[PDB]
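K.L.:
Dropping a structure here in structure tokens format, bear with me for questions.
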Amino acid sequence: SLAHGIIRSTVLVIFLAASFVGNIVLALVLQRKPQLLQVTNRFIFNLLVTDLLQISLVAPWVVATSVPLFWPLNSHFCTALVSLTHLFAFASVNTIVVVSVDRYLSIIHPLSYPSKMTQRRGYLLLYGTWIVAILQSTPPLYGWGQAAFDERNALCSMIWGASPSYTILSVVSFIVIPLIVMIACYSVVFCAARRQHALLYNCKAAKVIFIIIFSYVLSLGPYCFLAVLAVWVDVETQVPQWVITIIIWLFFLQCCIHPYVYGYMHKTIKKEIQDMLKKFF
Ligand SMILES: Cc1ccnc(NC(=S)Nc2cccc(C(F)(F)F)c2)c1
Ligand SMILES: Cc1ccnc(NC(=S)Nc2cccc(C(F)(F)F)c2)c1
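In structure tokens form, the structure reads like this:
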């Protein structure tokens, strides 16, 4: 009902406001000293900026469409909004994959790491991930795929029951490839860590990997689950409101999840953040 949407809009603000300050603190700690690590600050800053841009260019419209005004709207509006949201999510996912690959290439082959990842390669990778996120995303602005308004949830989401090919492409580009790459890159790291632990001391390494995988799955899976289920059965009259509310709740949790998982778990970055926070407070 109206109260349910009001509650959803009210609770959608606190998470985003906390993520905003967390991302700003991370930005300050990462930009104060540019000569940090090696061809990594660029990747972390790219993830941070594609999180902040999504936050600031997505939150106002998503909150304002729930207010009981200008109900008619126009298909073009949410059509362009969903494209922006998908572009930002795809950029974040591709940066995530690149960061995971770099982490695996750093853990394994510790000797000839500098000769394989130069500044030119990092900049080319950043340009490539942005180009892919721009190009491969947003077909429906000109082709297959369409968004529409729903008088049940009124989120003006895209209907997957019209172009199965685009739904399949989004599904594979969302979960399959990133999950496979992450599992393949992390299994070897876990085996090497286990070995090193056995050599040194003649279960700690599994917690971090489990946390990363579980966080990514909890952030991204339900949306793909809903998209896959939409093709067979209807969604307007077959799904309760609370389920859609929880799905749209969990979709935006990645904004707060990413900085904690990838900035606060690093020892040096955590130390410097704590140092700055204690100095200011
Ligand atoms: C009237 C009514 C009917 C059903 N549930 C509630 N919510 C309650 S008691 N606490 C609550 C507050 C904010 C968020 C949540 C969350 F959904 F995140 F768990 C729960 C209220
Ligand atoms: C307060 C008020 C008074 C009069 N009209 C509106 N706008 C309406 S109904 N739809 C609308 C909203 C945003 C963009 C567009 C677009 F131009 F892109 F089609 C259309 C709002």
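With the authors' numbering applied, the sequence shown corresponds to residues 27 to 228, 395 to 473, in that order. We put the CB at the ideal spot given by N, CA and C, even for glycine.
Quick check for students: name the residue ranges of the alpha helix (DSSP H) that lie wholly in the region 94-182, counting only runs of 4 or more.
P.N.:
Within the region 94-182, the complete alpha helix (DSSP H) runs of at least 4 residues are 101-133 and 145-161.
K.L.:
Pick from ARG68, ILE133 and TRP424: whose alpha carbon is nearest that of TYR149?
P.N.:
Looking up residue 149 in the sequence shown gives position 123. Per the Cα distances, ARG68.
K.L.:
Is it buried or exposed, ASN179, if we count other Cβ atoms within 10 angstroms and call 16 or more buried?
P.N.:
Residue mapping note: residue 179 aligns to position 153 of the sequence shown, counting from 1. It is buried - the Cβ of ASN179 has at least 16 other Cβ atoms within 10 Å.
K.L.:
Starting from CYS448 and walking both ways along the alpha helix (DSSP H), at which residues does that stretch end?
P.N.:
Locating residue 448 in the sequence shown gives position 256, counting from the first residue. First-last of the alpha helix (DSSP H) with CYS448: 446-454.
K.L.:
Check whether the Cβ of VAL202 lies closer than 7 Å to any heavy atom of ligand 1, and answer yes or no.
P.N.:
In the sequence shown, the residue the question calls residue 202 occupies position 176. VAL202 Cβ: outside cutoff for every heavy atom of ligand 1.
K.L.:
Identify whether residue 297 lies in helix, strand or coil by the three-state DSSP scheme.
P.N.:
The model contains no atoms for residue 297, which sits in the stretch where the chain goes from 228 to 395 directly.
K.L.:
Among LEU107, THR121, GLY171 and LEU113, which has the Cα closest to the Cα of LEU161?
P.N.:
For this step, residue 161 is matched to residue 135 along the sequence shown. If we check each option's Cα against that of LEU161, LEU113 comes out closest.
K.L.:
Which residue's Cα is closest to the Cα of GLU464: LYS59, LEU79 and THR91?
P.N.:
Translated into positions along the sequence shown, residue 464 becomes position 272. Answer by Cα proximity: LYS59.
K.L.:
Taking its Cβ as the centre, do 16 or more other Cβ atoms sit within 10 Å of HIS135, making it buried, or is it exposed?
P.N.:
The residue you call residue 135 lines up with position 109 of the sequence shown. With fewer than 16 Cβ atoms within 10 Å of its Cβ, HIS135 is classed as exposed.
K.L.:
Measure the CB-CB distance between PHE175 and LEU107 and report whether it falls below 8 Å.
P.N.:
The sequence position of residue 175 within the sequence shown is 149, counting from 1. The sequence position of residue 107 within the sequence shown is 81, counting from 1. Their beta carbons are not under 8 Å apart, which means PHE175 does not touch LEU107 by this criterion.
K.L.:
Quick check: the Cα distance between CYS447 and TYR192, rounded to an integer number of angstroms?
P.N.:
Within the sequence shown, the letter at position 255 stands for residue 447. Within the sequence shown, the letter at position 166 stands for residue 192. When rounded, the distance between both Cα atoms is 25 Å.
K.L.:
Would you mind giving the Cβ-Cβ distance between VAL423 and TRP170, rounded to the nearest angstrom? I have them listed as a contact below 8 Å.
P.N.:
The count along the sequence shown starts at 1 and reaches residue 423 at position 231. The count along the sequence shown starts at 1 and reaches residue 170 at position 144. Between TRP170 and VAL423 the Cβ distance is about 14 Å, and since that is not below 8 Å, they are no contact.
K.L.:
What residue from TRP97, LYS471, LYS459 and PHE472 has the CA that sits closest to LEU62's CA?
P.N.:
If you number the sequence shown from 1, residue 62 lands on position 36. Selected option, being the one with the closest Cα: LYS459.
K.L.:
Throw me the rounded Cβ distance for the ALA419 and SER199 pair, which I believe falls under 8 Å.
P.N.:
Stepping through the sequence shown from its first residue, residue 419 is reached at position 227. Stepping through the sequence shown from its first residue, residue 199 is reached at position 173. Going by Cβ atoms, the distance from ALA419 to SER199 rounds to 12 Å, so no, they are not a contact pair.
K.L.:
Using only alpha-carbon positions, find the residue among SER132, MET457 and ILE449 that is nearest to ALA44.
P.N.:
In the sequence shown, residue 44 corresponds to position 18, counting from 1. Minimum Cα distance to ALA44 is reached at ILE449.
K.L.:
For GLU428, tell me which candidate among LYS470, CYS217 and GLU177 has the shortest Cα-Cα distance.
P.N.:
If you number the sequence shown from 1, residue 428 lands on position 236. It is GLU177.
K.L.:
Would the region 114-129 and the region 71-82 be scored as touching if the rule is three or more Cβ pairs under 8 Å?
P.N.:
Taking 8 Å as the limit for Cβ pairs, the verdict is that the region 71-82 does touch the region 114-129.
K.L.:
If you draw a straight line from the C-alpha of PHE71 to the C-alpha of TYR415, how long is it?
P.N.:
Start at 1 with the first residue of the sequence shown, and residue 71 comes out as number 45. Start at 1 with the first residue of the sequence shown, and residue 415 comes out as number 223. Rounded to whole angstroms, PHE71 to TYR415 spans 26 Å at the Cα level.
K.L.:
Between the C-alpha atoms of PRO140 and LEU38, what's the straight-line distance to the nearest angstrom?
P.N.:
The count along the sequence shown starts at 1 and reaches residue 140 at position 114. The count along the sequence shown starts at 1 and reaches residue 38 at position 12. Looking at the two C-alpha atoms, the distance is approximately 43 Å.
K.L.:
Report all residues from its chain with a CB closer than 7 Å to the CB of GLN145; omit the five preceding and five following residues, and keep chain order.
P.N.:
Against the sequence shown, residue 145 aligns to sequence position 119. For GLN145, where only same-chain residues beyond five positions count, the Cβ hits under 7 Å are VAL65.
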